[PDB]
Amino acid sequence: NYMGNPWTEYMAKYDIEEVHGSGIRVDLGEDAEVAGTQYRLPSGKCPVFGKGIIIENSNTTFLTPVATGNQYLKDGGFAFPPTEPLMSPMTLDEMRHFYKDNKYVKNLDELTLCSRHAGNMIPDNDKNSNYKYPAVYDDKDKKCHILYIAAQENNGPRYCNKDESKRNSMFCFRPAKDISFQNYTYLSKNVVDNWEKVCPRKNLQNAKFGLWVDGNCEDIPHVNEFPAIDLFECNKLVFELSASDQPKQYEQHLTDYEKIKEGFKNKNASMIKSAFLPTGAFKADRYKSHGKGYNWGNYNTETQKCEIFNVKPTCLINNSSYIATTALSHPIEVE
Amino acid sequence: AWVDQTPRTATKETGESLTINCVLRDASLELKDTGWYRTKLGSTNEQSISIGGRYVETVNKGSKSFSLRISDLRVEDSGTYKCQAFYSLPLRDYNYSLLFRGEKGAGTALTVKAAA
């Protein structure tokens, strides 16, 4: 008796734990050695559409180069400092002209090209480091921004609560899908060259994710329903509940072992040379979600209800009052 | 910038010698460092070679070329060797250089058969 599913090939891009493989809201799914010291870094295979980092105590945006050095304002942003020749930011055409001598690379789509490019910055003169930096591509600009800071969140309430006695300062931020991020995509070193066919992007008009049971597409058994004025608001929530590699045990006064837990590598004059190390009860990893979270949403446009779930969907129901969305998808775009 | 790697194929004898050459063609960037990597047939994941002993490397930064010489060849040397350039990348502020992964060679497929 047939156990198979004619939806399987279609829904493979919605098997987010397999195709993406890392956190989405916070991606820190791999470790890499740099000059003898292991650090966390992004490693999801799929692009994250709409995603950026909000800085809390600053007016400086996250695509602004990192700090110390007269240039892009105050405590800096997250991006690579100016090189000669300028390697970040780089536009699509500048990028294509750079790698003109390379057949595979020069012809990549704008997103895998940005990821590959970002992957050419070596960390801390360790020529053989497996450690590669993430990137943000801006589709309005055609600009690829390489990220020097790979951290995505530092903001516990008792040091980071907003402009008022935080204890006052050094770096409060969180990933978000803000409206001014619509044209941005968050790219790990691992963004696959064929994400365009194995990864999610546009939302599905007139479709509801379901489960294939007994030759029929049934509703997701277990959902959590949230109000959301529009699809944008639903995607923001789905993203907010998604796979997360943040040390989802929050820290106090920032220690070195916990700075690295959050994805930091430097203090900007040296590295973060932690000389204790976790050899006890870890497996060197416990905050890798490998893509497990509330990554999917069914948005009902009639009831303005975001129905959010944590099991992979295996078929689609045709329902004209729905839009199917994922944490990875563009927050606004529909097909 | 592309990496011109020769020879593309070497069929050699145990005890003989091999000289792989790599030239950085179309480089606007100065050569800072170099790397070599092999894929032995059997595996396809790429091991970073340790320069030392029978493995002797010459770098000429001036002419942006560089070469491996493997002497007294063994069957364990069989595999596809690839060189890679790493560029110095000055930053428009400090004085210190960033490293920048260069393009890879097309490869050298080496064979070190004995009496076969």
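Residues numbered from 1 in each chain as written, not as in the entry; some residues may be left out. Chains lettered and ligands numbered in written order. Heavy atoms only, no water.

Chain B goes by New antigen receptor variable domain in the PDB entry, where it is assigned to Orectolobus maculatus.

In the nomenclature of the PDB entry, chain A is known as Apical membrane antigen 1 of Plasmodium falciparum. Listed in UniProt under the heading Function (unreviewed entry), the comment for chain A reads: "Involved in parasite invasion of erythrocytes." (UniProt positions renumbered as here; feature names shortened; annotations may be inferred.)

(A) Local environment of the overall build of chain A. Looking only at helices and strands, one finds eight helices and 15 strands in chain A. Its C-alpha atoms give chain A principal-axis dimensions of roughly 60 × 50 × 40 Å. Each of the 335 residues in chain A was classed as buried or not, and the buried ones make up 55%. Long-range contacts, defined as pairs at least 24 residues apart, comprise 73% of the intrachain contacts of chain A with a sequence gap of at least 6. For chain A, the exposed surface amounts to about 15,800 Å²; the carbon and sulfur share of it is 48%. Both charge centroids of chain A, one from 40 positive and one from 44 negative side chains, sit 4 Å from each other. (Helix = DSSP H or I, 4+ residues; strand = E, 2+ residues; numbered from the N terminus. Buried < 20%, exposed > 50% of the residue type's maximum accessible area, 1.4 Å probe, protein only. Contact = heavy atoms within 4.5 Å. Areas by Shrake-Rupley, 256 points an atom, 1.4 Å probe, with all protein chains shown as cover. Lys, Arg positive; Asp, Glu negative; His and termini not counted. Charge placed at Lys NZ, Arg CZ, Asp CG, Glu CD.)

(B) Representation of the pattern of salt bridges within the structure. Residues and elements named next belong to chain A. With the rule as written, the count across this model stands at 20 salt bridges over all chains. A salt bridge links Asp-31 to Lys-288, with the shortest nitrogen-to-oxygen separation between them at 2.8 Å. Of this pair, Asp-31 sits in strand β1 (residues 30–34) while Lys-288 is found in the loop between α8 (256–261) and β13 (296–300), placing the two residues 257 residues apart along the sequence. Here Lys-288 falls in the buried class, since its relative accessible area comes to 15%. Through salt bridges that share partners, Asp-31, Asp-285 and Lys-288 make up one connected network. (Salt bridge = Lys/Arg side-chain N within 4 Å of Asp/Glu carboxyl O.)

(C) The side chain of A:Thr60, seen in detail. Residues and elements named next belong to chain A. Positionally, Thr-60 belongs in the loop between β4 (52–55) and β5 (90–91). Here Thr-60 falls in the buried class, since its relative accessible area comes to 8%. A polar side-chain atom of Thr-60 sits 2.7 Å from the main-chain carbonyl oxygen of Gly-76. (Polar contact = N/O pair within 3.5 Å; in protein donor to acceptor, adjacent residues only side chain to side chain.)

(D) Spatial organisation of the packing of aromatic side chains. In this structure the tally under the stated criterion is 20 aromatic pairs over all chains. Considering the side-chain rings of A:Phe181 and A:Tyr184, the 5.4 Å spacing of their centres and the 20 degrees angle between planes classify their relative orientation as stacked. Assigned by exposure class, A:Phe181 and A:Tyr184 land together as buried. Seen from their ring centres, B:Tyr94 and B:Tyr96 are 5.0 Å apart, and the 85 degrees between their planes marks the pair as edge-to-face. Taking relative accessible area as the criterion, B:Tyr96 reaches 36% and is therefore assigned partly exposed. (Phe/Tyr/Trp six-rings, centres within 6.5 Å; stacked < 30°, edge-to-face > 60°.)

(E) Examining the interface of chain A and chain B more closely. Taken together, the contacts link 26 residues of chain A with 22 residues of chain B. If you sort the residues of chain A by the area they bury against chain B, A:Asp101, A:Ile122 and A:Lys127 come out on top, with a joint share of 29%. Summed over the shared surface of chain A and chain B, the result is one salt bridge. With its nearest N and O atoms 3.9 Å apart, the salt bridge here joins B:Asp26 to A:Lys100. Here chain A and chain B share seven residue pairs in polar contact between them. Considering only residue class, the side of chain A that touches chain B consists of ten nonpolar, eleven polar and five charged. (Buried area = accessible area lost by both parts, 1.4 Å probe. Nonpolar A, V, L, I, M, F, W, Y, C, P; charged D, E, K, R; others polar.)

(F) The arrangement of helix α7 (residues 231–241) of chain A in detail. Inspection of α7(A) places A:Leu231, A:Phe232, A:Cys234, A:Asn235, A:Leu237, A:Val238 and A:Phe239 among the buried residues, and these make up the whole buried set. Structurally, α7(A) contributes buried residues whose contacts are with β3 (48–49), β8 (173–176), β12 (224–227), β13, β14 (305–309) and β15 (315–326) of chain A.

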